[PDB]
Every structure is written in C-alpha cells, then in structure tokens.
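Engineer: coords below, sequence missing:
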C-alpha cells in the first residue's frame, strides 16, 4: 500500500453501503452517500 486511488476518498459520494460495505479509503464510512 502507498496511495490506493481505487478507493473513494473523504467527502466523495458512496453508493448504498450495506451491499458492499467496503469502498471508502481507510477508516472512512459510507454514510449519507458520502465517505467520512
């Protein structure tokens, strides 16, 4: 790992969380369709 741009960064839009659970970089959470 170094700089995975394959994950969605903080403040960016995330799709419905429960279906994938993973998507946002690091300790970011998919909530309100946004990673934080």
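Structural biologist: Cool, the structure landed. Numbering: from 1, shown residues only.
Engineer: tell me the bridge partners for the residue positioned nearest the centre of the chain.
Structural biologist: By CA atoms, centre = their mean, the chain has its centre lying nearest to residue 24, at 1.6 Å. In this entry, residue 24 is beta-bridged to residue 8, by DSSP bridges.
Engineer: wait, doesn't it sit right on residue 10?
Structural biologist: Yes: in this structure residue 24 lies within contact range of residue 10 using CB atoms under 8 Å: 7.4 Å. All C-beta spots, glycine's among them, are computed from the backbone N, C-alpha and C.
Engineer: what is in contact with these two at once?
Structural biologist: 35-36 (CB atoms under 8 Å, 6 or more residues apart in numbering).
Engineer: thinking again about what came up before, ok, now which ones touch the residue nearest to the centre of the chain?
Structural biologist: Residues in contact with residue 24 (CB under 8 Å, 6+ apart) are 7-10, 14, 30, 35-36.
Engineer: got phi/psi on residue 17?
Structural biologist: Dihedral angles of residue 17 (phi, psi; degrees, to the nearest 10) stand at phi -70, psi -50.
Engineer: once you drop chain neighbours, what's closest to residue 21?
Structural biologist: Once flanking residues are discounted, residue 21 sits nearest to residue 30: 7.8 Å by CB to CB, 6 or more residues apart in numbering.
Engineer: relative to residue 11, how far out is the closest residue to residue 20 other than its chain neighbours?
Structural biologist: In space, residue 20 comes closest to residue 30 once its chain neighbours are excluded; the distance is 7.9 Å by CB to CB, 6+ apart. As judged by CB to CB, to the nearest Å, residue 30 and residue 11 stand 12 Å apart.
Engineer: looking at the two, which is more packed in?
Structural biologist: For residue 30 versus residue 11, the count of surrounding residues by other CB atoms under 10 Å is larger for residue 30: 21 against 9.
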